[PDB]
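Participant: Before I ask anything, let me first share the structure, which is written out below as structure tokens.
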Amino acid sequence: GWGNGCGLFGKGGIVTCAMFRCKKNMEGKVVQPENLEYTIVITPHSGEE
Amino acid sequence: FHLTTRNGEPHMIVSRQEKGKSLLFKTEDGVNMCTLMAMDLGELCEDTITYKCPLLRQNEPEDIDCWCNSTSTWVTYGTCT
């Protein structure tokens with residue numbers, strides 16, 4: 001309206017933007033049955049010390 | 001603005017470049033000063049609106065955005081942008 005620079009009183013369009021900066025995130029992963037890696041130890045039963 | 005008439009009464013065709021400025025036009029009864037406060041005043045086009053600006057003598061305006069102080073006047077302007 002007149003109080004803020006407009007000729008007519010009524011609704012006006014307004015838009016506001018702010019830069020968004022992520023500071024801490026989390027991530028979810030998908031584990032495929034394949035590409036899984038098993039570690040196996042094969043030890044000789046000798047009794048050595 | 002273009003000054004014409006509507007049934008003997010003065011009529012103002014107001015263009016976009018007049019938004020915010022006092023509208024003055026001479027009349028037998030002295031100089032008339034209409035005040036246009038229409039927020040939606042835009043470019044003159046097909047979408048016009050036309051209505052009356054009442055005479056207001058020492059009275060505060062209420063529920064209106066157009067008024068003159070010497071002789072009631074009709075006003076017309078477009079809303080396009």
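Participant: Before we move on, is B:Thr73 crowded, with 18+ Cβ neighbours inside 10 Å and within 27 Å of A:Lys11 (Cα to Cα)?
Facilitator: Answer is yes for this residue.
Participant: Tell me, please, whether a residue that is without any contact (Cβ under 8 Å) to a residue 24 or more places away in the chain, farther than 30 Å from B:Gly42 by Cβ and among the polar types (S, T, N, Q) can be found in the range A:8-18.
Facilitator: no
Participant: Right, something else. Restricting to the range B:27-47, give me the number of residues that are part of a loop (DSSP other than H, G, I, E, B) and closer than 15 Å to B:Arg57 by Cα.
Facilitator: Qualifying residue count for the region: 1.
Participant: May I pose another question? Looking at the range B:1-14, is at least one residue of a type in the set (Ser, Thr, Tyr) and within 23 Å of A:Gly1 (Cα to Cα)?
Facilitator: Checking the range B:1-14: not a single residue is of a type in the set (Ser, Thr, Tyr) and within 23 Å of A:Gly1 (Cα to Cα).
Participant: Taking the range B:44-63, which residues are touching a strand residue (DSSP E or B) at 6+ places or on another chain (Cβ under 8 Å) and within 12 Å of chain A (Cβ to nearest Cβ)?
Facilitator: Across the range B:44-63, the qualifying residues are B:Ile49, B:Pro61.
Participant: In the range B:1-47, what residues are touching a residue at least 24 places away in the same chain (Cβ under 8 Å) and charged (D, E, K, R)?
Facilitator: Passing the criteria: B:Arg6, B:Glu9, B:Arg16, B:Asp29, B:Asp40, B:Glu43, B:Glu46, B:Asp47.
Participant: Considering only the range B:13-34, state which residues are within 14 Å of chain A (Cβ to nearest Cβ) and crowded, with 17+ Cβ neighbours inside 10 Å. Can you show your working first?
Facilitator: In the first step, residues of the range B:13-34 are kept if they are within 14 Å of chain A (Cβ to nearest Cβ); the result is B:14-23, B:34.
Matches in the range B:13-34: B:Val14, B:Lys19, B:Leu23, B:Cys34.
Participant: Answer yes or no as to whether A:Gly3 is surrounded by 10 or more Cβ atoms within 10 Å (Cβ to Cβ), within 14 Å of chain B (Cβ to nearest Cβ) and either assigned to a loop (DSSP other than H, G, I, E, B) or over 43 Å from the mean Cα position of the chain (by Cα) (or both).
Facilitator: no
A short reminder: the numbers here are calculations on the coordinates, not readings from a lab. Because the Cβ atoms are built from the backbone with ideal geometry, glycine has one as well, and the counts that use them run over all protein chains shown.
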